[PDB]
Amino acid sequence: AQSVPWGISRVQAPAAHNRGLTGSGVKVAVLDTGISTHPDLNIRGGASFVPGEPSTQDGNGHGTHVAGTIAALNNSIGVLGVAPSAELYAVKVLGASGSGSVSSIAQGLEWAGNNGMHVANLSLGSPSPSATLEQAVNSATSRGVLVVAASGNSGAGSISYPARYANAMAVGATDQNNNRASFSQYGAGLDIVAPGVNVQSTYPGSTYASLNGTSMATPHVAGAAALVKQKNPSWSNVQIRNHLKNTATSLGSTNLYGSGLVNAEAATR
């Protein structure tokens, strides 16, 4: 049996699926700890930039979890992604510990821009800026990648990097009441929010697990971007980003929520 995690329903992905929109034909890179082989995922390719971890399999769990929020397969098992037919790429930039470097992350962004990705999900970041990282965000953006990044989990009213950069689409986290999760960073540069509490997804060991974080919110938006790109193949990264924001549901101040809660139904209508 398949179930639909609450956040997938909250962003109204099923309404898009019912119009034939699944993310088919859209390439989405998950820049994270890898993605493990899993019967509810279809991994098309990828690359590793973590020295000593040359495989793209996931020794941590987070990247597999993020991948399933984007793209868990629509079938009779497991869960269901926002964009269940997205073409899914494992771009390992963080090791099994959950950390990498700005260089590995930048290499993953450059890979995305050199390999035809439409969306790059970066459920990662730091409170400090990075010139290396910034250059790579801008380069990927110039190559047509929509960079979608987590705002961070410190609870502060400023957002972390790379989400803070103008050419990243910064995503904060909401709870089941459509309030900002206490940990979700907010403030200048915040673009949008999505579910990030008690998010069930695919997990290594061919299982399913729940996590909290802006890392869980981000892939809802990356998946919604893929739905919008399938509907509107000619659109740029900027057009997709703007449309997601323009069709989001206001939840409160722009400082706290950006444009508000992503709405895949309104974005694909």
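Note that residue numbering begins at 1 and tracks the sequence as displayed. In this text, rigid core is short for the largest set of C-alphas that superpose within 1.5 Å between two forms.
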query: Which is farther from the shown form in 5 other deposited structures of this protein in C-alpha RMS with the core fitted, 127-135 or 111-119?
result: 127-135
- request: May I ask you to compare 94-102 and 147-155 by their mean CA B factor in the entry and name the higher one?
  value: 94-102
message: Regarding 161-169 and 125-133, which shows the higher C-alpha temperature factor on average in the entry?
response: 125-133
- line: For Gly45, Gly213, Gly68, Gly34, the deposited C-alpha B-factor is largest at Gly45
field: Top Cα B factor in the deposited entry, candidates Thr218, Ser236, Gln230, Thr202
entry: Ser236
- prompt: With respect to C-alpha B-factor, does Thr64 fall in the lowest, middle or highest third of the chain as deposited?
  reply: lowest
message: Could you place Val119 in the lowest, middle or highest third of its chain by Cα temperature factor, using the values in the record?
response: lowest
query: Relative to the other modelled residues in the chain, which third contains the C-alpha temperature factor of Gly52: lowest, middle or highest?
result: highest
field: Lowest, middle or highest third - CA B-factor, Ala16
entry: highest
task: Grab the CA temperature factor for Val197 from the record and place it in the lowest, middle or highest third of its chain.
output: middle
